[PDB]
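Visitor: experimental structure below, sequence on top.
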Number of protein chains: 2
Amino acid sequence: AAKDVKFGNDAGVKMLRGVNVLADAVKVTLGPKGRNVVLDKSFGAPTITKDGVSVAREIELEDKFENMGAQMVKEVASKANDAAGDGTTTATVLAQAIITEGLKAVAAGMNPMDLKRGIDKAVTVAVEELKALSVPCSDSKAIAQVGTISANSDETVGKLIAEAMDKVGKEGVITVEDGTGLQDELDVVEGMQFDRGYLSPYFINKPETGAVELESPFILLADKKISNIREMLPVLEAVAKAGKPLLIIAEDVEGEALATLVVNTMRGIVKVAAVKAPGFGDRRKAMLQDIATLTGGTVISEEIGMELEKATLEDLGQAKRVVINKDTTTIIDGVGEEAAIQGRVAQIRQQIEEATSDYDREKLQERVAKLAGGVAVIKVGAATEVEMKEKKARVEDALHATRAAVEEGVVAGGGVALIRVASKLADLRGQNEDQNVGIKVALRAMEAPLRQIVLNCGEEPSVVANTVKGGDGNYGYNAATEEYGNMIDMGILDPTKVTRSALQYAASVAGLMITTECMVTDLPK
Amino acid sequence: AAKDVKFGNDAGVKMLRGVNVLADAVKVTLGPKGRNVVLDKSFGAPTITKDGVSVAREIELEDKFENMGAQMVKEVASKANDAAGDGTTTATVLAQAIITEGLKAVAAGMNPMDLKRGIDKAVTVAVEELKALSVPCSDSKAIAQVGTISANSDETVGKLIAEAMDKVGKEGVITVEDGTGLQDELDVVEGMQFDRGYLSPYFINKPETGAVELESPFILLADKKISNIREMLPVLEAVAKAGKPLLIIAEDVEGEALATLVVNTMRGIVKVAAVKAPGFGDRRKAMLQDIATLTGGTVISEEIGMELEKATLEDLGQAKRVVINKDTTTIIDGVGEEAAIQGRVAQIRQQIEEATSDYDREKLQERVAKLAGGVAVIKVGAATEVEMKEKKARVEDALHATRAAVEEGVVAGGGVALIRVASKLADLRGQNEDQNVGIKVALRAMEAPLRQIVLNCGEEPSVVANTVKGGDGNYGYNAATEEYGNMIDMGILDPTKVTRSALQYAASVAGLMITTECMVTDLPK
Ligand SMILES: Nc1ncnc2c1ncn2[C@@H]1O[C@H](COP(=O)(O)OP(=O)(O)OP(=O)(O)O)[C@@H](O)[C@H]1O
Ligand SMILES: [K+]
Ligand SMILES: [Mg+2]
């Protein structure tokens, strides 16, 4: 259709207005004193939230160009979310800060490309510096603290997460479900859990959790790669009857075969999901067997001259339920008999005795623990369905944040880490003045998170910012108590990973907008 | 009446639009290749001109705020005109260049007061530098050359001015009056000239020169203030007869008396003009006497118990012609007898001998010079009233330009002097970045004149500017021949005085607009 086309400044003011509406709506929810945002619903009462992502999803503007600016920066939160699962609001205020000053510099006549280069250089060095300052979240105490902090100071949620990770390990699978009513519940189910997700989406039958769930399915344990569907045809049909879904746990399911499975299960033609076998090399085969012993199946390896074509429903393993995430497979309640299973345990138990290497020893103990990984399930307390659904949300977020914290060290929270980094880069320079302005734009935007947190408290941003910059190290402002102190000692930490991600995605989208010269959209008609 | 009030940016864009319309209409007339501007008349054929002042006078805009901007910058040309009588177009392009970039800097967020301070510092240093590059027009040959060139190559006008300056000295008073018909006339009258203009307009009988001219008038020399007309009645009537105009040279003519004179001479009822007596205090009386000795009059002072009522046409002085400007009175060819006059000279001549103070010595030498300086009068040739009136105008301008040339000096024309000055200030800095921006705004504006001259030629401004800046000294672009060369050798010179004035007035008005925050005007109703 006929288009409306805008250039330079005309386009710039439109974009800026669009990012401001989005960022302003989102940033009021930042930190312990975040404010509420009410989102209208077509039916019933409006939604009241302090969740940034929830607000962003609702933002769409009337002016086509302003809407483009809003949808562009909205990409910042979504990418930061996908990558770290937290810090989307932080990423949004960093982006607004960089875009605002960057566009001002452009309007002033500065070279957009140089501005972007300067911003990029500052971010590159800032990230290195962020790593240098990064400390860990390994022990259960740290995990508890981060969990508590991520749960709005709810020490309860903190303990839960810590206990759940103590059961299945901090790398294990953990889920949260509605509670039976009052008092939380934590139980490990099959069963076993290993680090391997679906070999492709679509298998996802429950987009609510973005996971795949199968009930009383058959489990094919093939010790090899599967490229040709032909091999599956015989077993797939055997499973076609008995009306039960099939879980493929092979060394890997490549294009040809995988593509077919995706299409067939897409047409209701037999429900089948595929995931890679745990580990690699030798231990892979040994582990693929542990699953067999657990599900009562039989490994189909070519090493013993076995063919998938010559595989009956008797070779297949089976369990009451199996769940698979983007990167986790959990088999709940397997058919395997305690005789075989417990016997398998005894075997591996001796393996540990004959262990001549710590590495081999560790790997073996990992198997016995799993067989004797599973899935830790957290059932949220209650006392009224409303509160129960709420606490469930908090536990979910706290878990998500703590998981991120465990993966990559931690740094002082409350926006102080970025402020310390910015101060260390005061002498950073580029190839020219415009690049230097870009560097300064980035260092200035690095104070935005702390300033917005303070602003949401009802305090003065410049005063608090000035005071924090005055000290050093982990010295920061505790917005919950409105007292200065050592952020680490007060338990206010952020996973280095979310801080880094927030900054990189903010600078990335900001750089693109700053170097945008023209915009095209449908004519308002 | 109700007002429309605008602030900041809103006011700024209006002002800018207004100066742009005025400056753009005016600047097309700059230099040897200036284009024509057609100005509509209510009757007959339109006026076609290449004269900047003529164009500026017609500019008035419909938008009240835009019109304010145009009228404001119009002040630049008028002041530059009053001070140097040339370079009003140059001053206008300089003002537009400073205003344009200055307002851009303001919109960019820079401090107006600092921008103005930087612009002012640059101009202060630029003027000093202009003086340093300034070169002489001392001998009559040079005076004749400059005069000829200023008279559109009319060697006649050049000789006239040179002779006039040879009579009364290059620092002496010189006037131009209509000729008696064919052939020019140069005669020195009492002549004498002092710094006192008409005590009010209206007396101005020749708005062409905005001056008052009287022929063979009587001169009343009253040593006191005149408030009551009664005192004049007797003498005014005595002058009513003999059909001759009257020149009142009293200590001062206050309201009552002055008001009457303005009304009567307004109705053709006796032609009379009044001007204050030269000097003040004691010397005043001594000087009032010098005029008497020159015009053959008698000072009527109350000190000797004399009354204006008891004053006959015999007491009054007389001269063939007298001319008075806004601030100058010149008595040409007085009746006084060489015996009395020369004797008076001898007296004052001894006064200088007995002088015990330099000040008293200086003041005395001033009187002898006037009485022994007079006023040279140039009566322009003729051969038809039309041509006579035209040549008179040329002589007036040429004279004005030569006068300035004699005082200072000259610099390379074609805008190169300002370009050379700008390059010499490349390292100039202020107290902060905003002041530095102001400095750059001014140095950049200094290139506008040469650029506009080139643009009017139909050539490329940036190319020529780049080439001229590449060379040094008097190297410049001859817009008439479109060849580079030594501006002085090619005879392209500007009086340092007009270049300095154009720059100072441009900067002065630009500084005011740049620091304007609010505009008030009548509601368009
Ligand atoms: N007591 C506290 N004082 C200061 N800052 C705190 C405190 N508790 C938490 N924070 C900080 O608040 C920020 C996180 O706030 P919030 O969860 O509202 O936004 P986000 O994680 O950036 O985005 P999302 O909307 O995805 O949660 C981090 O900088 C965190 O360290
Ligand atoms: K929040
Ligand atoms: Mg968060």
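Guide: Thanks, I have it. Numbers count the residues shown, from 1 in each chain, chains lettered A, B, ... in the order given. Ligands and ions are numbered 1, 2, ... in the order given.
Visitor: interface residues of the stretch 1-150 of chain A facing ligand 1?
Guide: Within the stretch 1-150 of chain A, the positions near ligand 1 by C-beta under 6 Å from any ligand atom are A:29-32, A:34, A:51-53, A:86-90, A:149. C-beta coordinates here come from the backbone N, C-alpha and C atoms, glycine included.
Visitor: which residues sit against stretch A:489-498?
Guide: When contacts are taken as C-beta atoms under 8 Å, 6 or more residues apart in numbering or on different chains, the neighbours of stretch A:489-498 outside the stretch itself are A:80, A:84-87, A:90, A:130-131, A:134, A:137, A:145-146, A:148-149, A:401, A:404-414, A:417, A:474, A:476, A:478, A:481, A:487.
Visitor: just the ones of the residues you listed in helices?
Guide: Those of the contacts of stretch A:489-498 mapping onto helices are A:80, A:84, A:90, A:130-131, A:145-146, A:148-149, A:401, A:404-407, A:417, per DSSP state H.
Visitor: quick check: the residue of the stretch 101-250 of chain A found nearest ligand 1 vs chain B, distance?
Guide: In the stretch 101-250 of chain A, the residue that lies nearest ligand 1 is residue A:149 (5.5 Å; C-beta to the nearest ligand atom). To chain B, residue A:149 is 39 Å away according to C-beta to the nearest C-beta, to the nearest Å.
Visitor: identify the residues contacting that residue.
Guide: The neighbours of residue A:149, taking C-beta under 8 Å, 6+ apart as the test, are A:158, A:413, A:491, A:492, A:493.
Visitor: of these - the most surrounded one?
Guide: Greatest neighbour count in the contacts of residue A:149, by other C-beta atoms under 10 Å in any protein chain shown, goes to residue A:413: 27 neighbours.
Visitor: so who does that one touch?
Guide: Residue A:413 makes contacts with A:149, A:476, A:487, A:492, A:493, A:494, as judged by C-beta under 8 Å, 6+ apart.
Visitor: and for residue A:150?
Guide: Shown here is residue A:150, whose contacts under the criterion C-beta under 8 Å, 6+ apart are A:86, A:157, A:397, A:398, A:400, A:401, A:402.
Visitor: most neighbours out of the residues you listed, which is it?
Guide: For these, neighbours tallied by other C-beta under 10 Å; top is residue A:402, 31 neighbours.
Visitor: shouldn't that residue be in contact with residue A:140?
Guide: No - assessed by C-beta atoms under 8 Å, residue A:402 is found out of contact with residue A:140, at 10.9 Å.
Visitor: cross the contacts of residue A:149 against strands and list the overlap.
Guide: With strands identified by DSSP state E, the entries of the contacts of residue A:149 that belong to them are residue A:493.
Visitor: from the contacts of residue A:149, list the ones also adjacent to ligand 1.
Guide: Counting by C-beta under 6 Å from any ligand atom, the members of these near ligand 1 are A:413, A:492.
Visitor: measure whatever residue of chain A ends up closest to ligand 1 to residue B:46 for me?
Guide: When scored by C-beta to the nearest ligand atom, chain A has residue A:413 as its residue closest to ligand 1, at 2.3 Å. According to C-beta to C-beta, to the nearest Å, residue A:413 and residue B:46 sit 77 Å apart.
Visitor: repeat that for residue A:176.
Guide: Between residue A:176 and residue B:46 the computed distance is 87 Å (C-beta to C-beta).
Visitor: what do you get for residue A:298?
Guide: Residue A:298 is 108 Å from residue B:46, by C-beta to C-beta.
Visitor: show me which of these two is the more surrounded one.
Guide: Here residue A:298 and residue B:46 are set side by side on neighbour count (other C-beta under 10 Å), and the busier one is residue A:298, at 17 against 10.
Visitor: what about the residue nearest to residue A:181 when sequence neighbours are not counted, which SS state?
Guide: Nearest residue to residue A:181, sequence neighbours excluded (C-beta to C-beta, 6 or more residues apart in numbering or on different chains): residue A:382, at 4.4 Å. Per DSSP: H, G, I helix; E, B strand; the rest coil, the secondary structure class of residue A:382 is coil.
Visitor: does residue A:382 touch residue A:389 like I think?
Guide: No - applying C-beta under 8 Å, one finds residue A:382 not in contact with residue A:389, separated by 9.2 Å.
Visitor: so who does the residue of chain A found nearest chain B touch?
Guide: When distances are taken as C-beta to the nearest C-beta, chain A approaches chain B most closely through residue A:108, which lies 4.5 Å from it. Contact criterion C-beta under 8 Å, 6+ apart gives B:108, B:109 as the residues in contact with residue A:108.
Visitor: got phi/psi on it?
Guide: The phi and psi values for residue A:108, taken as degrees, to the nearest 10, are phi -70, psi -10.
Visitor: cool, residue A:310 as well?
Guide: Here the main-chain torsion angles of residue A:310 (degrees, to the nearest 10) amount to phi -90, psi 50.
Visitor: in which helix or strand does the residue nearest to it when sequence neighbours are not counted reside?
Guide: Leaving out its chain neighbours, the residue that sits closest to residue A:310 by C-beta to C-beta, 6+ apart is residue A:234, at 7.6 Å. Under DSSP states H and E, the secondary-structure element containing residue A:234 is helix A:233-240.
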